[PDB]
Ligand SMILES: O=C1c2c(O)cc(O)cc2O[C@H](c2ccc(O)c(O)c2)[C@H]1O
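One chain comes next, on its own, written as structure tokens: the form deposited without the named molecule.
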């Protein structure tokens, strides 16, 4: 009854680099094709809230919202969720990093449910997010590997 996406990818680089690149919020406009702006608004000890503003989407519509994140480097995981849910009833995010042979495996999990009346229903939104997440994970993969190559 609730929607969810679960995607993984291996980046041939150490944990430290993979972690610092992906958690660098102010760089998301460069890492993610959908974001035009991204800024940390404030810090609340363990965690912080940030604002995201998209580039025109497939229909030319620009979206903006505030989220709250709680990264935990010690446990190689990061949790986040929308504060201003937009068309979502709720939107949760869970990322994990695991050391594997050759690099680091990133696993991104999204848990959400559409508000009755939203332009998208669960099934269609799930497919959409799977598509966009896969493209972003592959993109970020190349970027991190370039940096790594440059550091060696």
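Residue numbers count along the first chain shown, from 1.
There is also a form solved in complex with the named molecule; it is not shown, and the following applies to it.
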ask   = With the cut-off set at 4.5 Å between non-hydrogen atoms, does residue 124 touch the named molecule in the deposited complex?
value = yes
ask   = Can residue 63 be called a contact residue for the named molecule in the deposited complex at 4.5 Å between heavy atoms?
value = yes
request  = Decide whether residue 128 counts as a contact residue for the named molecule in the deposited complex under a heavy atom distance cut-off of 4.5 Å.
outcome  = yes
message = My question is simply whether residue 101 lines the interface with the named molecule in the deposited complex - judged by any non-hydrogen atom within 4.5 Å.
response = no
Selected contact from 57, 30, 39, 44, since only one has a non-hydrogen atom within 4.5 angstroms of the named molecule in the deposited complex = 57
request  = Indicate whether the candidate residues 97, 108 and 134 are all in contact with the named molecule in the deposited complex, with contact defined as any heavy atom within 4.5 Å.
outcome  = no
message = Using a 4.5 Å cut-off on any heavy atom, which residues of 31-55 would contact the named molecule in the deposited complex?
response = none
